[PDB]
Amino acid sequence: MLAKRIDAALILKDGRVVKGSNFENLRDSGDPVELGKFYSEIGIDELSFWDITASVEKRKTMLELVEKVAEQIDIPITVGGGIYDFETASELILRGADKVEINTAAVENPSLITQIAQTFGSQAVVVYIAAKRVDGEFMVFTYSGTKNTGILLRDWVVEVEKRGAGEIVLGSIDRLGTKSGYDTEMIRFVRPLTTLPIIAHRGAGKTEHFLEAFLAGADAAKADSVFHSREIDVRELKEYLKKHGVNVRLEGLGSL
C-alpha cells in the first residue's frame, strides 16, 4: 500500500448505478458488481458504493449489495450514504465492507466515529467532509451538501482525527459538477491540520488534475462520472502518473 491511491466511486439507487456507464463491452451498464469487478481488473485501487436509495428498502438493498460485492471483488470496498448509527455500520462491516463512510451523523454525533473505531479499528472508519467557501472561511455542510452547520472545516478535521477516524474524504461543494480540477487550495489548507490520509473528491476532468491533487499533498483521489463516461481511462491515468514520478501501483497490473 506504498503509493498514491486511485479510487472509483459509484452512485447507487435501489441497487442500481445512477445514469449508468459508457462501457458497452460489459453485459450490463448499470450493474454495480459487474462495473466494480471491471474497474478492479483494469487498475482501480479502491471502490466507493454511495447509496442514495430512499424507499424503506434502503438497509436491505445495501446489505444484499455488499454480499455479492465481497464475493466477486478483491480490492478494498467502502460503503456510505446515510449510515446513521453503530448498528447499521456493524451489519455492513460484518457483511464484508472493509470500511464504512459516515458524514452527517458523524457531524451531529461524533461519538459515532469512536464507537465504530473501538470495535473495528480506525482503519474501518472513513469520514466524508463536504465543505464550501462561505464568508471567506471553509465551512462544513451536511444532508447532501444542503445544510450549513456553521462548523469550520479546520475545527472539524482535528475533531475527526481526535475521535479515531481512519481517513478523510475532502469533497469540495465548490467543485460539484465541474471539470476544471480538484480543489487544491482546500487540500493544501487541510494538509497541515491532520496526519490522516486525505482523499480528494470533486472537480476532476483530465489526467493532469490528478497530478495536481497529489502535489497539493492528497494521499488519494476519488472520481466517478469522469471514469464511467470514459473521459479518463484508468490505465492511461496511472501510466501518465507513473511517467511523471508519482508512486502509483502498477506491476500488480502487468495485464498488458
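Don't overthink the numbering: it's just position in the shown sequence, from 1.
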- Query: Do the CA atoms of 95-103 or those of 69-77 have the higher mean B-factor in the entry?
  - Reply: 69-77
- May I ask you to compare 230-238 and 244-252 by their mean CA B factor in the entry and name the higher one? 244-252
- Query: Between 202, 188, 206, 60, which carries the biggest CA temperature factor in the record?
  - Reply: 60
- Top Cα B factor in the deposited entry, candidates 211, 220, 223, 26: 26
- Going by the recorded CA B-factors, say which third of the chain residue 82 sits in, lowest, middle or highest. highest
- Assigned third (lowest, middle, highest) for the C-alpha B factor of residue 48: lowest
- Name the third of the chain's ranked CA B-factors that contains residue 193, choosing lowest, middle or highest. middle
- Message: Splitting the chain's C-alpha B-factors into thirds, which one does residue 145 fall into?
- Response: middle
- Tell me, lowest, middle or highest third: where does the Cα B factor of residue 121 rank within its chain? middle
